[PDB]
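Structure file run.cif (mmCIF, N, CA and C atoms) is printed below.
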```cif
data_final
#
loop_
_atom_site.group_PDB
_atom_site.id
_atom_site.type_symbol
_atom_site.label_atom_id
_atom_site.label_comp_id
_atom_site.auth_asym_id
_atom_site.auth_seq_id
_atom_site.Cartn_x
_atom_site.Cartn_y
_atom_site.Cartn_z
ATOM 1 N N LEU A 1 -19.777 14.592 -9.184
ATOM 2 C CA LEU A 1 -20.924 15.434 -8.893
ATOM 3 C C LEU A 1 -20.442 16.757 -8.293
ATOM 4 N N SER A 2 -21.298 17.344 -7.469
ATOM 5 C CA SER A 2 -20.972 18.606 -6.827
ATOM 6 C C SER A 2 -20.953 18.429 -5.307
ATOM 7 N N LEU A 3 -20.513 19.477 -4.627
ATOM 8 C CA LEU A 3 -20.440 19.451 -3.176
ATOM 9 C C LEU A 3 -21.771 18.952 -2.611
ATOM 10 N N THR A 4 -22.845 19.341 -3.283
ATOM 11 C CA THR A 4 -24.176 18.941 -2.861
ATOM 12 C C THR A 4 -24.231 17.431 -2.624
ATOM 13 N N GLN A 5 -24.166 16.689 -3.719
ATOM 14 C CA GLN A 5 -24.205 15.238 -3.644
ATOM 15 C C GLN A 5 -23.041 14.718 -2.798
ATOM 16 N N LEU A 6 -21.926 15.428 -2.883
ATOM 17 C CA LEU A 6 -20.740 15.052 -2.134
ATOM 18 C C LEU A 6 -21.135 14.723 -0.693
ATOM 19 N N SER A 7 -22.036 15.537 -0.160
ATOM 20 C CA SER A 7 -22.504 15.345 1.202
ATOM 21 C C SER A 7 -23.754 16.193 1.449
ATOM 22 N N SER A 8 -24.794 15.894 0.686
ATOM 23 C CA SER A 8 -26.048 16.618 0.812
ATOM 24 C C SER A 8 -25.773 18.113 0.982
ATOM 25 N N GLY A 9 -24.650 18.542 0.425
ATOM 26 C CA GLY A 9 -24.262 19.941 0.507
ATOM 27 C C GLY A 9 -23.900 20.326 1.942
ATOM 28 N N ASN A 10 -23.016 19.532 2.529
ATOM 29 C CA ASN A 10 -22.579 19.778 3.894
ATOM 30 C C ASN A 10 -21.382 20.732 3.877
ATOM 31 N N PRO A 11 -21.609 21.946 4.447
ATOM 32 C CA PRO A 11 -20.562 22.953 4.503
ATOM 33 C C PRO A 11 -19.523 22.605 5.571
ATOM 34 N N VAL A 12 -19.877 21.637 6.403
ATOM 35 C CA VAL A 12 -18.989 21.203 7.468
ATOM 36 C C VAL A 12 -17.572 21.047 6.912
ATOM 37 N N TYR A 13 -17.500 20.500 5.707
ATOM 38 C CA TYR A 13 -16.218 20.291 5.056
ATOM 39 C C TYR A 13 -15.549 21.626 4.720
ATOM 40 N N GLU A 14 -16.377 22.583 4.327
ATOM 41 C CA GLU A 14 -15.881 23.903 3.975
ATOM 42 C C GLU A 14 -15.003 24.456 5.098
ATOM 43 N N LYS A 15 -15.386 24.128 6.323
ATOM 44 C CA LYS A 15 -14.646 24.583 7.488
ATOM 45 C C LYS A 15 -13.183 24.152 7.357
ATOM 46 N N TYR A 16 -13.001 22.930 6.877
ATOM 47 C CA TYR A 16 -11.664 22.388 6.699
ATOM 48 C C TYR A 16 -10.993 22.982 5.459
ATOM 49 N N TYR A 17 -11.741 22.986 4.365
ATOM 50 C CA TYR A 17 -11.232 23.519 3.113
ATOM 51 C C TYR A 17 -10.719 24.949 3.294
ATOM 52 N N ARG A 18 -11.242 25.605 4.320
ATOM 53 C CA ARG A 18 -10.846 26.973 4.613
ATOM 54 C C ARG A 18 -9.674 26.988 5.596
ATOM 55 N N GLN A 19 -9.567 25.908 6.356
ATOM 56 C CA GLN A 19 -8.501 25.785 7.335
ATOM 57 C C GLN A 19 -7.137 25.801 6.640
ATOM 58 N N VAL A 20 -7.092 25.163 5.480
ATOM 59 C CA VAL A 20 -5.862 25.096 4.710
ATOM 60 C C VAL A 20 -5.658 26.419 3.969
ATOM 61 N N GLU A 21 -6.753 26.934 3.430
ATOM 62 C CA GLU A 21 -6.709 28.187 2.696
ATOM 63 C C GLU A 21 -5.751 29.168 3.378
ATOM 64 N N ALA A 22 -4.960 29.841 2.555
ATOM 65 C CA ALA A 22 -4.000 30.806 3.064
ATOM 66 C C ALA A 22 -4.431 32.214 2.649
ATOM 67 N N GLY A 23 -3.948 33.192 3.400
ATOM 68 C CA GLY A 23 -4.273 34.580 3.122
ATOM 69 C C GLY A 23 -5.730 34.883 3.477
ATOM 70 N N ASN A 24 -6.201 36.020 2.988
ATOM 71 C CA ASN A 24 -7.569 36.437 3.245
ATOM 72 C C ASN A 24 -8.246 36.798 1.921
ATOM 73 N N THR A 25 -8.223 35.844 1.002
ATOM 74 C CA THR A 25 -8.828 36.047 -0.303
ATOM 75 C C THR A 25 -10.024 35.113 -0.489
ATOM 76 N N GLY A 26 -9.875 33.903 0.030
ATOM 77 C CA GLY A 26 -10.932 32.910 -0.071
ATOM 78 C C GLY A 26 -10.573 31.830 -1.093
ATOM 79 N N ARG A 27 -9.277 31.580 -1.213
ATOM 80 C CA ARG A 27 -8.791 30.578 -2.145
ATOM 81 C C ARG A 27 -7.733 29.698 -1.476
ATOM 82 N N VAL A 28 -7.758 28.423 -1.833
ATOM 83 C CA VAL A 28 -6.811 27.470 -1.278
ATOM 84 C C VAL A 28 -5.563 27.423 -2.162
ATOM 85 N N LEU A 29 -4.453 27.861 -1.587
ATOM 86 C CA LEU A 29 -3.191 27.874 -2.308
ATOM 87 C C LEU A 29 -2.814 26.442 -2.692
ATOM 88 N N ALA A 30 -3.533 25.496 -2.104
ATOM 89 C CA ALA A 30 -3.284 24.091 -2.374
ATOM 90 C C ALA A 30 -2.157 23.592 -1.466
ATOM 91 N N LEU A 31 -1.037 24.296 -1.527
ATOM 92 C CA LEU A 31 0.116 23.938 -0.720
ATOM 93 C C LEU A 31 -0.345 23.600 0.699
ATOM 94 N N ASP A 32 -1.116 24.513 1.270
ATOM 95 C CA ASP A 32 -1.628 24.325 2.617
ATOM 96 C C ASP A 32 -2.463 23.044 2.666
ATOM 97 N N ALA A 33 -3.193 22.808 1.586
ATOM 98 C CA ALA A 33 -4.034 21.628 1.494
ATOM 99 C C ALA A 33 -3.213 20.391 1.868
ATOM 100 N N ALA A 34 -2.107 20.218 1.158
ATOM 101 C CA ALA A 34 -1.230 19.086 1.403
ATOM 102 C C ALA A 34 -0.877 19.034 2.892
ATOM 103 N N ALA A 35 -0.829 20.211 3.498
ATOM 104 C CA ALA A 35 -0.505 20.313 4.911
ATOM 105 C C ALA A 35 -1.619 19.660 5.732
ATOM 106 N N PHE A 36 -2.847 20.051 5.421
ATOM 107 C CA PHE A 36 -4.002 19.514 6.120
ATOM 108 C C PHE A 36 -4.166 18.019 5.842
ATOM 109 N N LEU A 37 -3.804 17.634 4.627
ATOM 110 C CA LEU A 37 -3.906 16.241 4.223
ATOM 111 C C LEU A 37 -2.902 15.408 5.022
ATOM 112 N N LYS A 38 -1.673 15.901 5.064
ATOM 113 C CA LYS A 38 -0.615 15.215 5.788
ATOM 114 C C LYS A 38 -1.069 14.961 7.226
ATOM 115 N N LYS A 39 -2.052 15.744 7.649
ATOM 116 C CA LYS A 39 -2.584 15.615 8.995
ATOM 117 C C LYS A 39 -3.530 14.414 9.052
ATOM 118 N N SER A 40 -3.630 13.726 7.925
ATOM 119 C CA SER A 40 -4.494 12.561 7.833
ATOM 120 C C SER A 40 -3.848 11.375 8.551
ATOM 121 N N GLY A 41 -2.802 10.846 7.933
ATOM 122 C CA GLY A 41 -2.090 9.713 8.501
ATOM 123 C C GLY A 41 -1.395 8.900 7.407
ATOM 124 N N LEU A 42 -1.975 8.949 6.217
ATOM 125 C CA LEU A 42 -1.424 8.225 5.086
ATOM 126 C C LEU A 42 -0.060 8.816 4.722
ATOM 127 N N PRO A 43 0.730 8.014 3.958
ATOM 128 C CA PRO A 43 2.051 8.446 3.538
ATOM 129 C C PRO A 43 1.959 9.480 2.415
ATOM 130 N N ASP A 44 3.098 10.089 2.120
ATOM 131 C CA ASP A 44 3.159 11.096 1.074
ATOM 132 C C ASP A 44 3.053 10.414 -0.291
ATOM 133 N N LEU A 45 3.570 9.196 -0.350
ATOM 134 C CA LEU A 45 3.541 8.429 -1.584
ATOM 135 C C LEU A 45 2.089 8.234 -2.024
ATOM 136 N N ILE A 46 1.348 7.507 -1.201
ATOM 137 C CA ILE A 46 -0.051 7.240 -1.492
ATOM 138 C C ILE A 46 -0.784 8.565 -1.709
ATOM 139 N N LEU A 47 -0.385 9.560 -0.931
ATOM 140 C CA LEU A 47 -0.993 10.876 -1.027
ATOM 141 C C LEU A 47 -0.756 11.441 -2.429
ATOM 142 N N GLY A 48 0.500 11.397 -2.846
ATOM 143 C CA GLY A 48 0.872 11.899 -4.158
ATOM 144 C C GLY A 48 -0.163 11.497 -5.212
ATOM 145 N N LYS A 49 -0.578 10.241 -5.139
ATOM 146 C CA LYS A 49 -1.560 9.721 -6.074
ATOM 147 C C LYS A 49 -2.854 10.527 -5.949
ATOM 148 N N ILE A 50 -3.234 10.786 -4.707
ATOM 149 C CA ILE A 50 -4.445 11.542 -4.438
ATOM 150 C C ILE A 50 -4.361 12.900 -5.138
ATOM 151 N N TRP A 51 -3.284 13.614 -4.846
ATOM 152 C CA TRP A 51 -3.072 14.924 -5.439
ATOM 153 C C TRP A 51 -3.128 14.769 -6.960
ATOM 154 N N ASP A 52 -2.278 13.887 -7.465
ATOM 155 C CA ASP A 52 -2.222 13.637 -8.895
ATOM 156 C C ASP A 52 -3.644 13.503 -9.441
ATOM 157 N N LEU A 53 -4.418 12.649 -8.788
ATOM 158 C CA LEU A 53 -5.794 12.420 -9.197
ATOM 159 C C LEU A 53 -6.626 13.667 -8.889
ATOM 160 N N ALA A 54 -6.176 14.406 -7.885
ATOM 161 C CA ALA A 54 -6.867 15.619 -7.481
ATOM 162 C C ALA A 54 -6.638 16.706 -8.534
ATOM 163 N N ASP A 55 -5.408 17.195 -8.576
ATOM 164 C CA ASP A 55 -5.046 18.232 -9.527
ATOM 165 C C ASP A 55 -5.751 17.965 -10.859
ATOM 166 N N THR A 56 -6.443 18.986 -11.341
ATOM 167 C CA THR A 56 -7.163 18.876 -12.598
ATOM 168 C C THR A 56 -7.470 20.264 -13.160
ATOM 169 N N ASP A 57 -7.898 21.148 -12.271
ATOM 170 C CA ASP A 57 -8.227 22.508 -12.664
ATOM 171 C C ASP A 57 -7.086 23.081 -13.506
ATOM 172 N N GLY A 58 -5.872 22.888 -13.010
ATOM 173 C CA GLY A 58 -4.694 23.379 -13.703
ATOM 174 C C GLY A 58 -3.725 24.052 -12.729
ATOM 175 N N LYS A 59 -4.205 25.121 -12.112
ATOM 176 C CA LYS A 59 -3.396 25.862 -11.158
ATOM 177 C C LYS A 59 -3.338 25.091 -9.838
ATOM 178 N N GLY A 60 -2.196 25.201 -9.175
ATOM 179 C CA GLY A 60 -1.999 24.522 -7.905
ATOM 180 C C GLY A 60 -3.227 24.677 -7.005
ATOM 181 N N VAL A 61 -3.706 25.909 -6.918
ATOM 182 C CA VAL A 61 -4.868 26.204 -6.098
ATOM 183 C C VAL A 61 -5.890 25.073 -6.245
ATOM 184 N N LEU A 62 -6.622 24.838 -5.166
ATOM 185 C CA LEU A 62 -7.632 23.793 -5.162
ATOM 186 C C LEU A 62 -9.011 24.422 -5.372
ATOM 187 N N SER A 63 -10.008 23.558 -5.493
ATOM 188 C CA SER A 63 -11.373 24.013 -5.698
ATOM 189 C C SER A 63 -12.298 23.376 -4.660
ATOM 190 N N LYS A 64 -13.547 23.189 -5.061
ATOM 191 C CA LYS A 64 -14.536 22.593 -4.179
ATOM 192 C C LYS A 64 -14.411 21.070 -4.235
ATOM 193 N N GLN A 65 -15.217 20.473 -5.102
ATOM 194 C CA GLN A 65 -15.206 19.029 -5.261
ATOM 195 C C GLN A 65 -13.772 18.499 -5.207
ATOM 196 N N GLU A 66 -12.918 19.112 -6.013
ATOM 197 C CA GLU A 66 -11.522 18.714 -6.066
ATOM 198 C C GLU A 66 -11.009 18.390 -4.662
ATOM 199 N N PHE A 67 -10.919 19.430 -3.845
ATOM 200 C CA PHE A 67 -10.446 19.272 -2.481
ATOM 201 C C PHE A 67 -11.349 18.318 -1.695
ATOM 202 N N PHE A 68 -12.648 18.495 -1.883
ATOM 203 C CA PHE A 68 -13.623 17.661 -1.201
ATOM 204 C C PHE A 68 -13.444 16.189 -1.577
ATOM 205 N N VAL A 69 -12.763 15.975 -2.694
ATOM 206 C CA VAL A 69 -12.517 14.626 -3.173
ATOM 207 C C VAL A 69 -11.276 14.061 -2.476
ATOM 208 N N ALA A 70 -10.141 14.678 -2.765
ATOM 209 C CA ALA A 70 -8.884 14.249 -2.175
ATOM 210 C C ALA A 70 -9.097 13.956 -0.689
ATOM 211 N N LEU A 71 -10.038 14.682 -0.104
ATOM 212 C CA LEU A 71 -10.349 14.511 1.305
ATOM 213 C C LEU A 71 -10.792 13.067 1.553
ATOM 214 N N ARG A 72 -12.034 12.791 1.183
ATOM 215 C CA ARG A 72 -12.589 11.460 1.360
ATOM 216 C C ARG A 72 -11.677 10.415 0.715
ATOM 217 N N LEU A 73 -10.935 10.863 -0.287
ATOM 218 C CA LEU A 73 -10.021 9.980 -0.994
ATOM 219 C C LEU A 73 -9.033 9.372 0.004
ATOM 220 N N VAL A 74 -8.492 10.234 0.852
ATOM 221 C CA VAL A 74 -7.536 9.797 1.855
ATOM 222 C C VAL A 74 -8.148 8.661 2.676
ATOM 223 N N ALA A 75 -9.444 8.780 2.919
ATOM 224 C CA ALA A 75 -10.158 7.774 3.687
ATOM 225 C C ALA A 75 -10.175 6.459 2.905
ATOM 226 N N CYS A 76 -9.823 6.561 1.632
ATOM 227 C CA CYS A 76 -9.794 5.392 0.767
ATOM 228 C C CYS A 76 -8.550 4.570 1.113
ATOM 229 N N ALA A 77 -7.396 5.145 0.806
ATOM 230 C CA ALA A 77 -6.133 4.481 1.076
ATOM 231 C C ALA A 77 -6.062 4.115 2.560
ATOM 232 N N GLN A 78 -6.885 4.796 3.345
ATOM 233 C CA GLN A 78 -6.925 4.555 4.777
ATOM 234 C C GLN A 78 -7.363 3.116 5.060
ATOM 235 N N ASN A 79 -8.108 2.561 4.115
ATOM 236 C CA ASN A 79 -8.596 1.200 4.250
ATOM 237 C C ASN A 79 -7.759 0.272 3.369
ATOM 238 N N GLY A 80 -6.924 0.887 2.543
ATOM 239 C CA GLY A 80 -6.066 0.131 1.646
ATOM 240 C C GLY A 80 -6.678 0.043 0.246
ATOM 241 N N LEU A 81 -7.697 0.862 0.028
ATOM 242 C CA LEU A 81 -8.375 0.886 -1.257
ATOM 243 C C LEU A 81 -7.529 1.671 -2.260
ATOM 244 N N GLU A 82 -8.056 1.782 -3.472
ATOM 245 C CA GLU A 82 -7.362 2.501 -4.526
ATOM 246 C C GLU A 82 -7.141 3.960 -4.118
ATOM 247 N N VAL A 83 -6.389 4.666 -4.949
ATOM 248 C CA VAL A 83 -6.095 6.064 -4.687
ATOM 249 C C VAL A 83 -6.730 6.928 -5.779
ATOM 250 N N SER A 84 -7.217 6.255 -6.812
ATOM 251 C CA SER A 84 -7.850 6.946 -7.922
ATOM 252 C C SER A 84 -9.364 6.998 -7.713
ATOM 253 N N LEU A 85 -9.977 8.013 -8.303
ATOM 254 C CA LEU A 85 -11.414 8.189 -8.190
ATOM 255 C C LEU A 85 -12.121 6.988 -8.821
ATOM 256 N N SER A 86 -11.419 6.345 -9.742
ATOM 257 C CA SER A 86 -11.966 5.185 -10.426
ATOM 258 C C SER A 86 -12.382 4.124 -9.405
ATOM 259 N N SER A 87 -11.845 4.264 -8.202
ATOM 260 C CA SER A 87 -12.150 3.328 -7.133
ATOM 261 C C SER A 87 -12.773 4.070 -5.949
ATOM 262 N N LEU A 88 -13.463 5.156 -6.269
ATOM 263 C CA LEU A 88 -14.110 5.960 -5.246
ATOM 264 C C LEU A 88 -15.626 5.786 -5.350
ATOM 265 N N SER A 89 -16.332 6.511 -4.495
ATOM 266 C CA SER A 89 -17.784 6.446 -4.480
ATOM 267 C C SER A 89 -18.242 5.118 -3.876
ATOM 268 N N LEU A 90 -17.484 4.659 -2.892
ATOM 269 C CA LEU A 90 -17.799 3.407 -2.224
ATOM 270 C C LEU A 90 -18.119 3.685 -0.754
ATOM 271 N N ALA A 91 -18.056 2.628 0.042
ATOM 272 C CA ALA A 91 -18.336 2.742 1.463
ATOM 273 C C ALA A 91 -17.020 2.693 2.243
ATOM 274 N N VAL A 92 -16.138 3.626 1.913
ATOM 275 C CA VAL A 92 -14.845 3.699 2.571
ATOM 276 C C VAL A 92 -15.043 4.118 4.029
ATOM 277 N N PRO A 93 -14.037 3.760 4.872
ATOM 278 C CA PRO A 93 -14.092 4.092 6.285
ATOM 279 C C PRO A 93 -13.799 5.576 6.511
ATOM 280 N N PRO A 94 -13.956 6.005 7.792
ATOM 281 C CA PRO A 94 -13.712 7.391 8.153
ATOM 282 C C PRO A 94 -12.212 7.690 8.201
ATOM 283 N N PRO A 95 -11.863 8.945 7.811
ATOM 284 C CA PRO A 95 -10.472 9.368 7.807
ATOM 285 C C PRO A 95 -9.975 9.633 9.229
ATOM 286 N N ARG A 96 -8.854 10.335 9.309
ATOM 287 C CA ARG A 96 -8.265 10.662 10.596
ATOM 288 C C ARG A 96 -8.622 12.095 10.994
ATOM 289 N N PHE A 97 -8.775 12.936 9.981
ATOM 290 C CA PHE A 97 -9.114 14.330 10.211
ATOM 291 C C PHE A 97 -10.128 14.468 11.349
ATOM 292 N N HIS A 98 -10.208 15.676 11.885
ATOM 293 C CA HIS A 98 -11.129 15.953 12.973
ATOM 294 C C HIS A 98 -12.569 15.817 12.476
ATOM 295 N N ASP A 99 -13.489 15.761 13.429
ATOM 296 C CA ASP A 99 -14.898 15.632 13.102
ATOM 297 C C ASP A 99 -15.439 16.991 12.652
#
```
What does the file become when written as structure tokens?
Amino acid sequence: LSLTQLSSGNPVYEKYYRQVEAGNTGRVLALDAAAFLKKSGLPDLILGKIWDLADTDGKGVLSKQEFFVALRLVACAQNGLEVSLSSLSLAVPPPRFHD
């Protein structure tokens, strides 16, 4: 879906999506993303899967849903669930990231 359904269109996440964003253009270099993700708690291995499943647009840079996905996604492996979206859209627990 879209950010909307993602969380009734909660920009709260945008705050984070921008935290990783580098420069002053308004785009996530992605690289930084991995930085913010690593701030989760999960390993790089399990993470890799997230990114893999994340990356889709093409360019390293991240997007909306994309990033908004890998985010909650981390909360997936956080419970020991799958790392693919195929196992997403469930009642996964809360991540480690800040509130």
Quick one: residues within 6.5 Å of stretch 70-79 of chain A, all atoms listed in the file, excluding same-chain residues fewer than 6 positions away - as an mmCIF file with N, CA and C atoms, keeping the file's coordinate frame?
```
data_model
loop_
_atom_site.group_PDB
_atom_site.id
_atom_site.type_symbol
_atom_site.label_atom_id
_atom_site.label_comp_id
_atom_site.auth_asym_id
_atom_site.auth_seq_id
_atom_site.Cartn_x
_atom_site.Cartn_y
_atom_site.Cartn_z
ATOM 1 N N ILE A 50 -3.234 10.786 -4.707
ATOM 2 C CA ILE A 50 -4.445 11.542 -4.438
ATOM 3 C C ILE A 50 -4.361 12.900 -5.138
ATOM 4 N N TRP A 51 -3.284 13.614 -4.846
ATOM 5 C CA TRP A 51 -3.072 14.924 -5.439
ATOM 6 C C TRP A 51 -3.128 14.769 -6.960
ATOM 7 N N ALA A 54 -6.176 14.406 -7.885
ATOM 8 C CA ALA A 54 -6.867 15.619 -7.481
ATOM 9 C C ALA A 54 -6.638 16.706 -8.534
ATOM 10 N N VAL A 92 -16.138 3.626 1.913
ATOM 11 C CA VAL A 92 -14.845 3.699 2.571
ATOM 12 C C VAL A 92 -15.043 4.118 4.029
ATOM 13 N N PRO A 93 -14.037 3.760 4.872
ATOM 14 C CA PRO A 93 -14.092 4.092 6.285
ATOM 15 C C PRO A 93 -13.799 5.576 6.511
ATOM 16 N N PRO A 94 -13.956 6.005 7.792
ATOM 17 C CA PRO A 94 -13.712 7.391 8.153
ATOM 18 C C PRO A 94 -12.212 7.690 8.201
ATOM 19 N N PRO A 95 -11.863 8.945 7.811
ATOM 20 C CA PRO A 95 -10.472 9.368 7.807
ATOM 21 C C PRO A 95 -9.975 9.633 9.229
ATOM 22 N N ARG A 96 -8.854 10.335 9.309
ATOM 23 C CA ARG A 96 -8.265 10.662 10.596
ATOM 24 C C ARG A 96 -8.622 12.095 10.994
#
```
Please, what distance in Å, to one decimal, runs between atom C of residue A:11 and atom C of residue A:98? 11.9 Å
Using DSSP on the backbone coordinates, identify the residues of chain A assigned to helix (DSSP H, G or I); present them as a PyMOL selection string. chain A and resi 3-6+12-20+31-38+44-54+65-77+85-87
How many Å lie between atom CA of residue A:66 and atom CA of residue A:30, rounded to one decimal? 10.5 Å
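What separates atom CA of residue A:39 from atom N of residue A:62 is a distance of 17.4 Å.
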Selection under test: the PyMOL selection byres ((chain A and resi 31) around 7); residues as a PyMOL selection string: chain A and resi 20+28-30+32-36+60-62
Using the chain letters and numbers from the file, which residues does the PyMOL selection byres (((chain A and resi 64 and name CA) around 9) and name CA) grab, as an MDAnalysis selection string? chainID A and resid 2:3 14 17 62:63 65:69
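With only C-alpha atoms as the atoms that count, the residue of A:23, A:18, A:83, A:38 with the shortest distance to residue A:52 is A:83.
Distances here use only C-alpha atoms; by that measure, the residue among A:10, A:27, A:84, A:15 closest to residue A:59 is A:27.
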